[PDB]
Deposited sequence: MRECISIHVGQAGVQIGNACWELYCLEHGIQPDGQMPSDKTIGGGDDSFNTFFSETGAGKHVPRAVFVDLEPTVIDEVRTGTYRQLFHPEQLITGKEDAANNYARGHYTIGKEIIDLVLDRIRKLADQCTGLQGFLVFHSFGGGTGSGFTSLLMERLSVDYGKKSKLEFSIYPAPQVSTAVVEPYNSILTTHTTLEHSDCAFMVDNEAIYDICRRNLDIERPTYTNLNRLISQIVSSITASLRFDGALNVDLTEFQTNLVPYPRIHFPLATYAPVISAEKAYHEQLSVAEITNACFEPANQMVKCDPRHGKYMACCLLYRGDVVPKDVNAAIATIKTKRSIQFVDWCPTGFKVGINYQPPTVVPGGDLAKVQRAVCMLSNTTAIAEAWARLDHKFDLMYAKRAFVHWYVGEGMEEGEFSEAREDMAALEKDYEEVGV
């Protein structure tokens, strides 16, 4: 069946995972108790089936503290998930990458692996794992990188896709978040085949103007993130011709294994208060995919070059309207691809309109589009992170917190050097 196992690490991974699985059940017509009345096909990649007709998500929720996962244990979807797949420690990593990787994380990693193995044993042909985690959290950075290393040994042939939460100062809870982000990126780079960054600042700003939310909270951000993540993983849970498996994600979007950070762009984002908005055309939402303000990561693709570009439509989308809208992009806008790549746009259309969650800030739309593109302009996000890393590491600020938790100071420079090579990797591709 080519099943996929979702892993949610840390608070950000768990909370976003909770919003994603709520949206998945709504898209597939699954009740919170796991019962789906409309048959019980392709949705099986994300949901397993019990003898009593209950559909359990192939999801693992891991956190070094129980506060966030206890909300899932006592939430709307308390009966949806396997209770043993909700693994919690007692002490978090304290925003320390070394704590979640070297000390506290080691006390639960073997249990997490055994529970993942229990889920993998129920799979006929496992595709791989979707890992949800933050960059700045101690667990989302430390335990994730430790988990990615262990999964590379037990599942060397399986694909590992990442949904990473890029840090933003408006919602940031720690100053050492640039440290954890750089430390987890270097150690996970070789253990991840494709990583979709979610810039919390980009999602914050979209919630501010596109949704008229004065002070967006994690609830507002997670509902928008889950809308984009569902648009990315819709091809795995529904019939289609684009990105039907995790391998196609690397083939279509990852030309080189190191530059595996595609830029996602979602359109349209209309506030629920404008329920009677005029339906936007295919050409309008396709052109909005190239507006920098609709992107999940703050960067300017006009300053970079495209190596891959996938367009995933949802709703009343006639394929001839996509070609016409694409023919105008290729001609009107100066959208330069790299010379070594086909200047083309892979198109996948899911003719079901997007499902809006009750309580969300998004309005119903007849057609939406999510653009997955690998552009060199995403290196700007790496530069912003590395600069904040260099400012603090030059004075060795907060480094003692990391070396005191079983981590040599050389890992800082070893991770910073790898990031300098990653920025260079984006330079040799697009000049």
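- Unmodelled stretches of the deposited sequence, numbered from 1? Sequence range with no C-alpha atoms is 41 to 46 alone.
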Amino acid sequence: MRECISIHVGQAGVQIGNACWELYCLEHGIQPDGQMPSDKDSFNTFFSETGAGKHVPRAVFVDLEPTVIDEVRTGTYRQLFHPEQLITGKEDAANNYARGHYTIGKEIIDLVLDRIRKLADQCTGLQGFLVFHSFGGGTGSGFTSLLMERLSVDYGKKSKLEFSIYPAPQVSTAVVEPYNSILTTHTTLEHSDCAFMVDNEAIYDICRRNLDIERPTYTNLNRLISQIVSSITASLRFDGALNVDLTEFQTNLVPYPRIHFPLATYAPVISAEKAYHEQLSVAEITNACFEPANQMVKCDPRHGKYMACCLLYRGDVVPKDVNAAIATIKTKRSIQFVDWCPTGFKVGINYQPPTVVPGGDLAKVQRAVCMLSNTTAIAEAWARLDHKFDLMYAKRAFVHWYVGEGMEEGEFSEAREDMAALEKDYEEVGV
From here on, numbers count along this sequence of modelled residues.
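Throughout, rigid core stands for the largest set of C-alpha atoms superposing within 1.5 Å between the two forms.
- Message: Can you check whether 196 to 204 or 266 to 274 lies farther from the displayed model in 6 other deposited structures of this protein, averaging C-alpha distances as RMS after superposing on the core?
- Response: Checking 266 to 274 against 196 to 204 in 6 other deposited structures of this protein, I find the farther stretch is 266 to 274.
- Please pick 326 to 334 or 205 to 213, whichever has its Cα atoms farther from the shown form in 6 other deposited structures of this protein after a rigid core fit. Per-stretch check in 6 other deposited structures of this protein: the more divergent one is 326 to 334.
- What stretch has the higher average Cα B-factor here, 383 to 391 or 41 to 49? Higher mean C-alpha B-factor: 41 to 49.
- Task: May I ask you to compare 419 to 427 and 15 to 23 by their mean CA B factor in the entry and name the higher one?
- Result: Comparing 419 to 427 with 15 to 23, the higher average CA B-factor belongs to 419 to 427.
- Name the one of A168, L130, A174, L236 with the greatest CA B-factor according to the PDB entry. Result of the comparison over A168, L130, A174, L236: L236.
- Can you pull the Cα B-factors for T286, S231, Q79, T185 from the entry and say which is highest? Out of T286, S231, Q79, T185, the record gives the largest C-alpha B-factor to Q79.
- Query: Split the chain's modelled residues into thirds by Cα B-factor; is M36 in the lowest, middle or highest one?
  - Reply: Top third by C-alpha B-factor.
- Can you tell me which third, lowest, middle or highest, the CA B-factor of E291 falls into for its chain? Tercile = highest for this residue's CA B-factor.
- Item | Lowest, middle or highest third - CA B-factor, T376 | Highest third.
- Item | CA B-factor placement of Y102, once the chain's modelled residues are sorted into thirds | It falls in the top third of the chain.
- Message: When the deposited Cα B-factors of this chain's modelled residues are ordered and cut into thirds, is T251 in the lowest, the middle or the highest one?
- Response: Top third by C-alpha B-factor.
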